[PDB]
Amino acid sequence: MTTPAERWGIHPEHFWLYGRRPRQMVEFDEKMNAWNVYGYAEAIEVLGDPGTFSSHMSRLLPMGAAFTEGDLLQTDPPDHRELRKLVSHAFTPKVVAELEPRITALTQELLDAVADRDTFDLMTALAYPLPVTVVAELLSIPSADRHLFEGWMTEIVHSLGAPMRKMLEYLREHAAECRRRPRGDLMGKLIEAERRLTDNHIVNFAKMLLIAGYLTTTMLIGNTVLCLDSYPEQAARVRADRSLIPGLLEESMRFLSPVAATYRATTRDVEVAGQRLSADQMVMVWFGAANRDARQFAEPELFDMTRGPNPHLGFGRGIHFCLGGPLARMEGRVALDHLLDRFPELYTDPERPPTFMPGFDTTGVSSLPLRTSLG
Ligand code: HEM
Ligand SMILES: [Mg+2]
C-alpha cells in the first residue's frame, strides 16, 4: 500500500517518512546549526531533562538583544510549573465535555455548507474554521471576533515560509478589557494570580495558545482524512465502527506528526548517545522521526489504526507535554465522525492534489481537495 508520503511527496527531507533509519540517533546539522535527535529513547532522555535541555530558546540569541515570559512553551522550571498550574484547569476532561456540544454544532454547520458539493477543500470547509473556537472559548474571545483569528493565523503562516501586529494589539486590548470585571475564566485566573502577570505576559500566553492550538489541530484533521484516503480498507472499517476513531487519530499523529520537531537549548556540555554536545547549542527533538523508531514500534512504516499501545510522541512527553491533548482529541473525533456521516464517499483528486504546510518542523496538510463521487 502506497503511503501518503510516497503518493503526494510529503517532506522528502523527512527521511523517516520513507522508512530510512538515521545513521545515528543524535547528529549535528550544519544548515540549522543544531543537533538533531531522531531516536525515541534519546528524545525521551532530552525531554526528561529540562535542566540540561532548556525550552527557553532566547538563551541562544547572540550577545545583545527577548521577552517570552507568559509563554509556557518557552518557560523552564521553577516558573513552568507555577504558570502551568495557574491555567491547567481550563484544559481538563470536564472542560472538554463542556465544549464538545459547541464543537459538534459548529462542525455540523460547517458541513451543511458543503454537503451538496461535488468537490470541496476539506481544509477551507472544516479543518481551518473549526479549531479557532476552542482557543477563543478558553480565552473568552467574543464569538463576533473569532473570524479575525482564522484570517490572521492563516495569513501569518502564509507570510512565513500586518496580521501579527493586529492580532497582538487585539490581544493587548482584550487583556486590558478583561481586567475591568474579571470572572472565573482563564483570563480572570491569569489576571488574579499573585508579583502579578502584566498585559505583556497575558498577550504572550494568548499568542502561544493560538499558535499551539490552531494549526496543529487543523493538520491533525487533514492528515487523518489523507490517511483514510490512502488506506481505504481501514477507512471502511472505521465507517462501520466509530469506536475506532480515537485510535485512528493517535496513529495519524504517529504517522504524520503535526509538530514534527520541537526546540531545546543546551545549558551545559552534555553527552547523548555517544555525541558530545556543547553548552549554548540548539537541539531539535524530531517527534516525527522518533515516532518511526523500530526499537519502539513494530513495523513503523505501516499505518495501523489499531496499533495499541501506541506511545507516540506527537503530543510530546515530560513537563511540556501538550496541555491541549484532550481538547485536540475531541476536536479530531467530532470532525471526523460527522464528516463520515455527512459524506458516504470521499476521494482525493489526482488533478487537484493535496498540498502541505511549508514549515520544515511540521508534518501536515494545508489544502485537501476532495470529490464526493467518482465520475
Ligand atoms: C493534535 C494537535 C496538537 C498537537 C500535535 C500538539 C503538539 C504539541 C506538542 C508536541 C507540545 C509539546 C511541545 C514541547 O514540549 O516543546 C505541545 C505543547 C502545548 N500545546 Fe499542543 N498540540 C496540539 C493541540 C493543542 C491544543 C488544542 C492546545 C490548546 C488547547 C494546545 C496547547 C498546547 C500548550 C499550551 C502547550 C504547552 C504545554 C506546556 O508548556 O507545558 N495544543 N503541543
Ligand atoms: Mg543555553
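Just so you know, ligand 1 is whichever comes first in the structure, and atom 1 is the first atom listed for that ligand. Any value given below was found using the heavy atoms of this structure, including those in side chains, with hydrogens, waters and symmetry copies removed. By convention here, the first residue in the shown sequence is residue 1.
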Could you tell me which atoms of ligand 1, counted from 1 in the order shown, lie closer than 4.0 angstrom to a heavy atom of [X]?
X	result
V259	7 (C)
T262	14 (C), 16 (O)
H80	39 (C), 40 (O), 41 (O)

Are the side chain of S257 and the backbone of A260 linked by a donor-acceptor contact shorter than 3.5 Å?
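A pair under 3.5 Å: no.
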Using a 3.5 Å distance criterion without hydrogens, assess whether the side chain of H11 forms a donor-acceptor pair with backbone atoms of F356.
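Not at all, since once roles are kept as given, no pair shorter than 3.5 Å links the two residues.
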Can you tell me if [X] has a non-hydrogen atom under 4.0 Å from ligand 1?
X	result
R329	no
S55	no
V134	no

Heavy-atom distance to atom 23 (C) of ligand 1: which of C322, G324, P326 wins?
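Residue with the shortest heavy-atom distance to the ligand atom: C322.
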For atom 15 (O) of ligand 1, which candidate among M219, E137, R264, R317 holds the nearest heavy atom?
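Going through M219, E137, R264, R317 one by one, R264 has the nearest heavy atom to atom 15 (O) of ligand 1.
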Anything under 30° is parallel, anything over 60° is perpendicular, the rest tilted; go ahead and classify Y128 against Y214.
tilted
Side chain, backbone, both or neither: which part of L72 has a heavy atom under 4.0 Å from ligand 1?
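Near ligand 1, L72 shows its backbone as well as its side chain.
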Ring centroid separation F343 to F120 under 6.0 Å:
yes
